[PDB]
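Residues per chain are reported as follows:
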Protein chains: 2
Amino acid sequence: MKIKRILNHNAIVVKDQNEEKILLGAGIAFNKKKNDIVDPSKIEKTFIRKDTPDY
Amino acid sequence: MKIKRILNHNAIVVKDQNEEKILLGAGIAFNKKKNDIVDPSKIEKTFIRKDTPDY
């Protein structure tokens, strides 16, 4: 899980195999940087954009 | 779509019928507040936490 963007010191826009994701972790931005792998101990909430409804 | 949390001036943690969501919109925080409906013209990216994989 890399960091494609930065929302704040906890939320960041990441990207997974499926598509773009969002990593919300208190202090996630701290101890990491853009393009760096996301720290799993800091992973508090993983969000993914709705790709498809039923299809 | 209400605003349960605020990530920055564009990203905010919202909540839909399915579960918690994330609204990433440049200026989304501006022209709105916590618990207020999210402006659709500002909606740039909607993210939802992975509820279930296959089940």
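Residues numbered from 1 in each chain as written, not as in the entry; some residues may be left out. Chains lettered and ligands numbered in written order. Heavy atoms only, no water.

Judging from the entry metadata, solution NMR is the method by which this structure was determined.

### Looking at the interface of chain A and chain B
Opposite the 14 residues of chain A that make contact, chain B presents 14 residues. Summed over both sides, the interface between chain A and chain B buries roughly 1,100 Å², with carbon and sulfur atoms accounting for 66% of that surface. Of the charged contacts, one joins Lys 45 of chain B and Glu 20 of chain A as a salt bridge, the two residues approaching to 3.1 Å between their closest N and O atoms. Inspection of the chain A/chain B interface yields 5 residue pairs in polar contact. Sorting the residues of the side of chain A that touches chain B by element identifies β2 (11-15), β3 (20-24) and β4 (45-49) of chain A as the ones contributing at least two each. With 5 residues, the single largest contributor to the side of chain A that touches chain B is β4 of chain A. Of the residues in the side of chain A that touches chain B, the class split is 7 nonpolar, 2 polar and 5 charged. For β4 of chain A and strand β4 (residues 45-49) of chain B, the ladder comprises 3 bridges, and the chain directions are antiparallel. Bridging from a neighbouring strand, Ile 48 of chain A pairs with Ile 48 of chain B of β4 of chain B. (Contact = heavy atoms within 4.5 Å. Buried area = accessible area lost by both parts, 1.4 Å probe. Salt bridge = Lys/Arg side-chain N within 4 Å of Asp/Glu carboxyl O. Polar contact = N/O pair within 3.5 Å; in protein donor to acceptor, adjacent residues only side chain to side chain. Helix = DSSP H or I, 4+ residues; strand = E, 2+ residues; numbered from the N terminus. Nonpolar A, V, L, I, M, F, W, Y, C, P; charged D, E, K, R; others polar. Pairing = 2+ DSSP bridges.)

### Thoughts on the nonpolar core
Counting 12 residues, the largest nonpolar core is built from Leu 7, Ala 11, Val 13, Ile 22, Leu 24 and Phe 47 of chain A together with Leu 7, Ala 11, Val 13, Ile 22, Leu 24 and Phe 47 of chain B. When residues of this core are traced back to their parent elements, those giving at least two are β2 and β3 of chain A together with β2 (11-15) and β3 (20-24) of chain B. Residues within four places of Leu 24 of chain B in sequence aside, it is in contact with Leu 7, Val 13 and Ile 22 of chain A together with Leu 7, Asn 10, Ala 11, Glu 44, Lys 45 and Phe 47 of chain B. (Core = buried A, V, L, I, M, F, W, Y, C linked by side-chain atoms within 4.5 Å. Buried < 20%, exposed > 50% of the residue type's maximum accessible area, 1.4 Å probe, protein only.)

### A short note on the layout of surface pockets
If you add up the space inside the largest pocket, you get close to 540 Å³. Looking at the largest pocket, it is lined by 18 residues, and the ones nearest its centre are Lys 50, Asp 51 and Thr 52 of chain A together with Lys 50 and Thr 52 of chain B. The set of elements that each furnish at least two residues to the lining of the largest pocket consists of β4 of chain A together with β4 of chain B. (1 Å grid on protein atoms, 1.4 Å probe; cavity = no way out; pocket = protein on both sides within 12 Å on 5 of 7 lines; lining within 4 Å. Points joined across faces, edges and corners; volume = space filled by probe spheres on them.)

### Considerations on the relation of the copies chain A and chain B
Expressed as a screw operation, the relation of chain A to chain B combines 0.0 Å of axial shift with a rotation of 180°, fitting to an RMSD of 0.0 Å. What the rotation and shift describe, once combined, is the action of a two-fold rotation axis. With an isologous cut-off of 70% or more, the 100% of interface residues of chain A that recur at the interface of chain B puts this contact in the isologous class. (Least-squares fit on C-alpha atoms.)

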